[PDB]
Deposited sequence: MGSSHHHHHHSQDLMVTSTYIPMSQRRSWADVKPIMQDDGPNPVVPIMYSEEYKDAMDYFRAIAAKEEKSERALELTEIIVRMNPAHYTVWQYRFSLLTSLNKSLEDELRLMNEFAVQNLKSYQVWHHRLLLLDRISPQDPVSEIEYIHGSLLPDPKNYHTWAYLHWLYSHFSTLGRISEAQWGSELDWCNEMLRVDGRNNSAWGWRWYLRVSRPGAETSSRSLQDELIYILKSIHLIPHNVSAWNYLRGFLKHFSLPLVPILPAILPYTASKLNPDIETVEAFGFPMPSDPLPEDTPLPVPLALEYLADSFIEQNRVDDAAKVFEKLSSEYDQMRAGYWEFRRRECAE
């Protein structure tokens, strides 16, 4: 049974301060007794700018009830730094919050601030934790953005070794093996292979990358993630579309991977993004009428949800 804080000897010196939104506010929330009581005393604590262990305990009680309470998270981080608290202990507490399904922009940002301030010489154990944490939701947007930040921040400090980058690509390849439709993992591959400042750009790496892309398409011909990655790849490096057309043409009915001689089952043709590739390759050949004919078929037959967009592309050919 609940003991109000006015009855606790540890809080007897503190006069709580009521929430002030006026006499008849709109969108009022029917707070539990526990939540109102804690915020009443938090208002008093924040008003007197008290930095103490009891204030720290109070912030944890509050964010457990409302993990999105950015003001209380802000106060909690200033408590940790003012008291010189163990930031590694706080990281373990955050691991529990994720386990108990306490999550928000605010918890993820709190974790970032901890890693920034700890500034480990090697962030490998945090990288591995993030990998494991993707098990209940392999597309968690906050988690993927945080992983990008972690590698970017600690690479600026010079603390990501070549072996670490190599095992990160190994892990990414396994994520896409388990689900080739995970667009978050495709985005991570782009960082690892293309956009990060330390990435290699050579004749071999471009060949390797195109092989991986084309193999992925031949495994899942209708996977939009692989088509977008292919188009982004060619555009980013200013590579022509025509030399690759042999691998794409079978979906529109050299040594780079080709489609299976019988295509896999459940692969109805044509693949609309294959047609888009063909049209754009026609445009690359200045064959605007051939491109316009392909756009017209996308508009009226093969991708009718986008009939207007493909008609717009058709008209541009004139």
Mind pulling out the bits of the deposited sequence that never got modelled, as residue ranges from 1?
1-18, 272-283, 349
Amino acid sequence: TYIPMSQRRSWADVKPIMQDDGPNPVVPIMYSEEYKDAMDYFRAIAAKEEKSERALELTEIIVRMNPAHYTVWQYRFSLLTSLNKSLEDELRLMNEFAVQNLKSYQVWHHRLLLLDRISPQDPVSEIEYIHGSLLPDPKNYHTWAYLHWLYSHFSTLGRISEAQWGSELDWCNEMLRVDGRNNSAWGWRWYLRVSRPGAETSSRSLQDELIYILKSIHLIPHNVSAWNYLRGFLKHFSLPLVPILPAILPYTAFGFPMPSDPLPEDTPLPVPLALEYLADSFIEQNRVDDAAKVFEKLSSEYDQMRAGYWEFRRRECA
From here on, numbers count along this sequence of modelled residues.
Compare the other PDB entries of this protein and indicate whether residue 259 is left unmodelled in at least a third of them.
no
Of 281-289 and 49-57, which one has the bigger average CA B-factor?
281-289
On average, which has the higher Cα B-factor in the deposited entry, 203-211 or 183-191?
203-211
C-alpha B-factor winner, where the candidates are 150, 242, 72, 79:
242
Return the residue from 249, 273, 26, 68 that has the highest Cα B-factor in the entry.
249
Among the chain's modelled residues, which third holds the C-alpha B-factor of residue 235?
middle
Can you work out whether the C-alpha temperature factor of residue 31 puts it in the lowest, middle or highest third of the chain?
middle
Among all modelled residues of this chain, ranked by Cα B factor, put residue 85 in the bottom, middle or top third, i.e. lowest, middle or highest.
middle
Sorting the chain's modelled residues by C-alpha B-factor, tell me whether residue 133 ends up in the lowest, middle or highest third.
middle
Check where residue 159 lands among this chain's C-alpha B-factors and tell me if it's the lowest, middle or highest third.
lowest
